[PDB]
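K.L.:
See protein_27.cif below, with mmCIF, C-alpha atoms and all ligand atoms.
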data_query
loop_
_atom_site.group_PDB
_atom_site.id
_atom_site.type_symbol
_atom_site.label_atom_id
_atom_site.label_comp_id
_atom_site.auth_asym_id
_atom_site.auth_seq_id
_atom_site.Cartn_x
_atom_site.Cartn_y
_atom_site.Cartn_z
ATOM 1 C CA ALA A 23 -2.936 7.812 -16.760
ATOM 2 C CA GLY A 24 -0.995 10.379 -14.777
ATOM 3 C CA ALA A 25 -3.069 10.128 -11.606
ATOM 4 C CA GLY A 26 -1.245 11.009 -8.445
ATOM 5 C CA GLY A 27 -0.412 8.591 -5.682
ATOM 6 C CA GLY A 28 -3.054 9.989 -3.370
ATOM 7 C CA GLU A 29 -5.809 9.630 -5.951
ATOM 8 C CA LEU A 30 -4.666 6.091 -6.729
ATOM 9 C CA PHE A 31 -4.629 5.273 -3.019
ATOM 10 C CA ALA A 32 -8.144 6.659 -2.520
ATOM 11 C CA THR A 33 -9.407 4.462 -5.369
ATOM 12 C CA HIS A 34 -7.558 1.214 -4.771
ATOM 13 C CA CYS A 35 -6.428 1.151 -1.117
ATOM 14 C CA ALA A 36 -8.545 3.326 1.185
ATOM 15 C CA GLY A 37 -11.420 0.837 1.181
ATOM 16 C CA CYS A 38 -9.339 -1.312 3.495
ATOM 17 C CA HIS A 39 -6.752 1.228 4.698
ATOM 18 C CA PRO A 40 -8.767 4.411 5.323
ATOM 19 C CA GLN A 41 -6.416 6.984 6.793
ATOM 20 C CA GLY A 42 -3.735 4.276 6.743
ATOM 21 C CA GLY A 43 -5.555 1.920 9.074
ATOM 22 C CA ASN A 44 -6.698 -1.622 8.336
ATOM 23 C CA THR A 45 -10.368 -2.569 8.400
ATOM 24 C CA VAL A 46 -9.649 -6.292 7.851
ATOM 25 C CA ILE A 47 -6.759 -7.080 10.210
ATOM 26 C CA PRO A 48 -6.579 -4.054 12.543
ATOM 27 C CA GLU A 49 -2.989 -4.509 13.737
ATOM 28 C CA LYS A 50 -1.669 -4.425 10.135
ATOM 29 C CA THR A 51 -1.849 -0.689 9.557
ATOM 30 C CA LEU A 52 0.334 1.323 7.201
ATOM 31 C CA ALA A 53 1.991 3.238 10.051
ATOM 32 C CA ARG A 54 5.734 3.527 9.448
ATOM 33 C CA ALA A 55 6.992 1.482 12.382
ATOM 34 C CA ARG A 56 4.456 -1.301 11.728
ATOM 35 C CA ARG A 57 5.089 -1.639 7.998
ATOM 36 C CA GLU A 58 8.875 -1.343 8.428
ATOM 37 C CA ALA A 59 8.892 -4.165 10.987
ATOM 38 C CA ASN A 60 7.719 -6.329 8.066
ATOM 39 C CA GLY A 61 10.291 -4.960 5.638
ATOM 40 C CA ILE A 62 8.128 -2.396 3.816
ATOM 41 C CA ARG A 63 10.351 0.679 3.992
ATOM 42 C CA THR A 64 10.903 2.174 0.542
ATOM 43 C CA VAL A 65 8.711 3.220 -2.363
ATOM 44 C CA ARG A 66 9.886 0.145 -4.269
ATOM 45 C CA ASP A 67 9.093 -2.091 -1.291
ATOM 46 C CA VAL A 68 5.487 -0.856 -1.364
ATOM 47 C CA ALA A 69 5.307 -1.245 -5.183
ATOM 48 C CA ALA A 70 6.531 -4.829 -4.943
ATOM 49 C CA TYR A 71 4.346 -5.696 -1.954
ATOM 50 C CA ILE A 72 1.093 -4.889 -3.722
ATOM 51 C CA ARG A 73 1.959 -7.424 -6.434
ATOM 52 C CA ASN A 74 2.017 -10.288 -3.901
ATOM 53 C CA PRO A 75 0.623 -9.173 -0.542
ATOM 54 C CA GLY A 76 -0.334 -11.038 2.595
ATOM 55 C CA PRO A 77 -3.528 -12.964 3.200
ATOM 56 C CA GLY A 78 -6.754 -10.967 3.061
ATOM 57 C CA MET A 79 -5.320 -8.380 0.651
ATOM 58 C CA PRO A 80 -5.840 -8.829 -3.083
ATOM 59 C CA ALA A 81 -2.869 -8.697 -5.383
ATOM 60 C CA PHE A 82 -2.749 -5.728 -7.734
ATOM 61 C CA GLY A 83 -1.191 -6.622 -11.032
ATOM 62 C CA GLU A 84 0.301 -4.391 -13.675
ATOM 63 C CA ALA A 85 -2.830 -4.216 -15.801
ATOM 64 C CA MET A 86 -4.779 -2.528 -13.027
ATOM 65 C CA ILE A 87 -1.887 -0.598 -11.402
ATOM 66 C CA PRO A 88 0.888 -0.082 -13.975
ATOM 67 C CA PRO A 89 4.483 0.151 -12.771
ATOM 68 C CA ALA A 90 4.577 3.961 -12.736
ATOM 69 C CA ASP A 91 1.344 4.051 -10.739
ATOM 70 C CA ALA A 92 2.671 1.506 -8.234
ATOM 71 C CA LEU A 93 5.649 3.794 -7.575
ATOM 72 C CA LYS A 94 3.342 6.794 -7.066
ATOM 73 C CA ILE A 95 1.313 4.787 -4.548
ATOM 74 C CA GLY A 96 4.555 3.847 -2.784
ATOM 75 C CA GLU A 97 5.546 7.499 -2.617
ATOM 76 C CA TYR A 98 2.191 8.419 -1.155
ATOM 77 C CA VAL A 99 2.352 5.680 1.472
ATOM 78 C CA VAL A 100 5.852 6.557 2.653
ATOM 79 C CA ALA A 101 4.986 10.235 2.799
ATOM 80 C CA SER A 102 1.595 9.965 4.464
ATOM 81 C CA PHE A 103 1.693 7.283 7.194
ATOM 82 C CA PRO A 104 4.089 8.050 10.042
HETATM 83 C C1 LIG B 201 -3.705 -0.411 -2.537
HETATM 84 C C2 LIG B 201 -2.932 -0.637 -3.684
HETATM 85 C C3 LIG B 201 -3.124 -0.981 -1.216
HETATM 86 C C4 LIG B 201 -1.931 -0.721 -0.657
HETATM 87 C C5 LIG B 201 -0.842 0.242 -1.110
HETATM 88 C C6 LIG B 201 -1.825 -1.613 0.475
HETATM 89 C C7 LIG B 201 -0.724 -1.662 1.298
HETATM 90 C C8 LIG B 201 -0.536 -2.548 2.348
HETATM 91 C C9 LIG B 201 0.636 -2.604 3.219
HETATM 92 C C10 LIG B 201 1.863 -1.750 3.059
HETATM 93 C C11 LIG B 201 0.385 -3.496 4.155
HETATM 94 C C12 LIG B 201 1.261 -3.899 5.331
HETATM 95 C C13 LIG B 201 1.817 -5.288 5.242
HETATM 96 C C14 LIG B 201 2.595 -5.724 6.475
HETATM 97 O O1 LIG B 201 2.897 -6.958 6.534
HETATM 98 O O2 LIG B 201 2.883 -4.910 7.397
HETATM 99 C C15 LIG B 201 -0.934 -4.065 3.915
HETATM 100 C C16 LIG B 201 -1.539 -5.100 4.571
HETATM 101 C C17 LIG B 201 -2.802 -5.578 4.408
HETATM 102 N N1 LIG B 201 -3.699 -5.069 3.518
HETATM 103 FE FE1 LIG B 201 -3.337 -3.689 2.054
HETATM 104 N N2 LIG B 201 -2.982 -2.316 0.624
HETATM 105 C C18 LIG B 201 -3.789 -1.975 -0.436
HETATM 106 C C19 LIG B 201 -5.053 -2.462 -0.623
HETATM 107 C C20 LIG B 201 -5.743 -3.344 0.191
HETATM 108 C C21 LIG B 201 -7.131 -3.745 0.111
HETATM 109 C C22 LIG B 201 -8.063 -3.252 -0.973
HETATM 110 C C23 LIG B 201 -7.385 -4.554 1.138
HETATM 111 C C24 LIG B 201 -8.727 -5.148 1.547
HETATM 112 C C25 LIG B 201 -9.480 -5.867 0.647
HETATM 113 C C26 LIG B 201 -6.158 -4.693 1.906
HETATM 114 C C27 LIG B 201 -6.020 -5.511 2.996
HETATM 115 C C28 LIG B 201 -4.865 -5.733 3.706
HETATM 116 C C29 LIG B 201 -4.669 -6.769 4.686
HETATM 117 C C30 LIG B 201 -5.708 -7.785 5.159
HETATM 118 C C31 LIG B 201 -3.413 -6.667 5.097
HETATM 119 C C32 LIG B 201 -2.730 -7.567 6.139
HETATM 120 C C33 LIG B 201 -1.912 -8.661 5.440
HETATM 121 C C34 LIG B 201 -1.215 -9.573 6.387
HETATM 122 O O3 LIG B 201 -0.122 -10.076 6.063
HETATM 123 O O4 LIG B 201 -1.717 -9.830 7.495
HETATM 124 N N3 LIG B 201 -5.214 -3.932 1.295
HETATM 125 N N4 LIG B 201 -1.465 -3.435 2.833
#
Write out the structure in this file as structure tokens.
P.N.:
Amino acid sequence: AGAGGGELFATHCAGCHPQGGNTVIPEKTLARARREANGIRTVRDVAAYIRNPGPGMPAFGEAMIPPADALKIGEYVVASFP
């Protein structure tokens, strides 16, 4: 609906990744070096990951996070979590 990546992140992601952390599996934060060690480097990598993520994270399909919104989330993640 034209929401920005940060707003989408606050709604859908920050309940388990507040400030880019991880409240479920603490080592698995969004910090750049950590996520990139598991292959999550680009905007598109983030957008694809949320469709089929690791255990303990729900999948986010296109009905709840449309493709354009998934890319905006990816942009936010890459920009915000060094
Ligand atoms: C919201 C859409 C959202 C995003 C974006 C997101 C991202 C994300 C990444 C990039 C990782 C790192 C994976 C890696 O292997 O390094 C990651 C990992 C986990 N997440 Fe997440 N996440 C989003 C949402 C949520 C929500 C709402 C939860 C909690 C219910 C959650 C949880 C987790 C867990 C657990 C992991 C670790 C998975 C693993 O392989 O061990 N995420 N997330």
K.L.:
May I ask which of the residues A:23, A:70, A:47, A:93 is the closest one to ligand LIG 201 (chain B), counting all atoms listed in the file?
P.N.:
A:47
K.L.:
Go through A:94, A:63, A:34, A:73 one by one, measure the shortest atom-to-atom distance of each to ligand LIG 201 (chain B) using all atoms listed in the file, and give the residue with the smallest value.
P.N.:
A:34
K.L.:
Using the chain letters and numbers from the file, which residues does the PyMOL selection byres (((not hetatm)) within 9 of (chain B and resi 201)) grab, as a VMD selection string?
P.N.:
chain A and resid 30 to 39 42 44 to 53 56 to 63 67 to 69 71 to 73 75 to 82 87 92 95 to 96 98 to 99
K.L.:
Would you compute the distance between CA of residue 27 (chain A) and CA of residue 86 (chain A)? Give it in Å to one decimal.
P.N.:
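About the pair CA of residue 27 (chain A) and CA of residue 86 (chain A): they are 14.0 Å apart.
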K.L.:
Take CA of residue 40 (chain A) and CA of residue 103 (chain A) and report the distance between them in Å, one decimal.
P.N.:
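Going from CA of residue 40 (chain A) over to CA of residue 103 (chain A) covers 11.0 Å.
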K.L.:
How far is it from CA of residue 104 (chain A) to CA of residue 24 (chain A), in Å with one decimal?
P.N.:
25.4 Å
K.L.:
Return as JSON the centre and edge lengths, in Å with one decimal, of the box along x, y and z that encloses every atom of region 30-49 of chain A in the file, padded by 8 Å per side.
P.N.:
{"center_x": -7.2, "center_y": 0.0, "center_z": 3.5, "size_x": 24.4, "size_y": 30.1, "size_z": 36.5}
K.L.:
Write a file for region 71-83 of chain A, containing N, CA and C atoms (output as a PDB file, in the first residue's frame).
P.N.:
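As a result, decode23.pdb now contains:
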ATOM      1  N   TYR A  71      14.368 -14.749   1.266  1.00  0.00           N
ATOM      2  CA  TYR A  71      14.488 -15.439   2.546  1.00  0.00           C
ATOM      3  C   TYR A  71      13.173 -15.427   3.312  1.00  0.00           C
ATOM      4  N   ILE A  72      12.470 -14.301   3.360  1.00  0.00           N
ATOM      5  CA  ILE A  72      11.273 -14.252   4.164  1.00  0.00           C
ATOM      6  C   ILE A  72      10.166 -15.145   3.636  1.00  0.00           C
ATOM      7  N   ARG A  73      10.252 -15.580   2.381  1.00  0.00           N
ATOM      8  CA  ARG A  73       9.285 -16.526   1.839  1.00  0.00           C
ATOM      9  C   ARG A  73       9.501 -17.939   2.348  1.00  0.00           C
ATOM     10  N   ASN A  74      10.711 -18.303   2.755  1.00  0.00           N
ATOM     11  CA  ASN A  74      11.005 -19.645   3.230  1.00  0.00           C
ATOM     12  C   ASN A  74      12.165 -19.593   4.203  1.00  0.00           C
ATOM     13  N   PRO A  75      11.934 -19.081   5.402  1.00  0.00           N
ATOM     14  CA  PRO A  75      13.033 -18.818   6.340  1.00  0.00           C
ATOM     15  C   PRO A  75      13.357 -20.035   7.196  1.00  0.00           C
ATOM     16  N   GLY A  76      14.345 -19.891   8.061  1.00  0.00           N
ATOM     17  CA  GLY A  76      14.771 -20.951   8.922  1.00  0.00           C
ATOM     18  C   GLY A  76      13.825 -21.239  10.057  1.00  0.00           C
ATOM     19  N   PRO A  77      14.089 -22.323  10.773  1.00  0.00           N
ATOM     20  CA  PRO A  77      13.164 -22.736  11.839  1.00  0.00           C
ATOM     21  C   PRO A  77      13.004 -21.674  12.909  1.00  0.00           C
ATOM     22  N   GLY A  78      11.779 -21.505  13.372  1.00  0.00           N
ATOM     23  CA  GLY A  78      11.421 -20.547  14.405  1.00  0.00           C
ATOM     24  C   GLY A  78      10.957 -19.212  13.853  1.00  0.00           C
ATOM     25  N   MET A  79      11.120 -18.986  12.555  1.00  0.00           N
ATOM     26  CA  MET A  79      10.634 -17.806  11.871  1.00  0.00           C
ATOM     27  C   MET A  79       9.481 -18.179  10.955  1.00  0.00           C
ATOM     28  N   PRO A  80       8.369 -17.486  11.018  1.00  0.00           N
ATOM     29  CA  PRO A  80       7.273 -17.816  10.104  1.00  0.00           C
ATOM     30  C   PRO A  80       7.601 -17.363   8.701  1.00  0.00           C
ATOM     31  N   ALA A  81       7.092 -18.074   7.720  1.00  0.00           N
ATOM     32  CA  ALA A  81       7.167 -17.615   6.352  1.00  0.00           C
ATOM     33  C   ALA A  81       6.158 -16.501   6.131  1.00  0.00           C
ATOM     34  N   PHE A  82       6.529 -15.552   5.293  1.00  0.00           N
ATOM     35  CA  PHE A  82       5.710 -14.422   4.924  1.00  0.00           C
ATOM     36  C   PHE A  82       5.429 -14.526   3.440  1.00  0.00           C
ATOM     37  N   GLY A  83       4.233 -14.911   3.094  1.00  0.00           N
ATOM     38  CA  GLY A  83       3.854 -15.046   1.720  1.00  0.00           C
ATOM     39  C   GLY A  83       3.472 -13.734   1.066  1.00  0.00           C
TER      40      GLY A  83
END
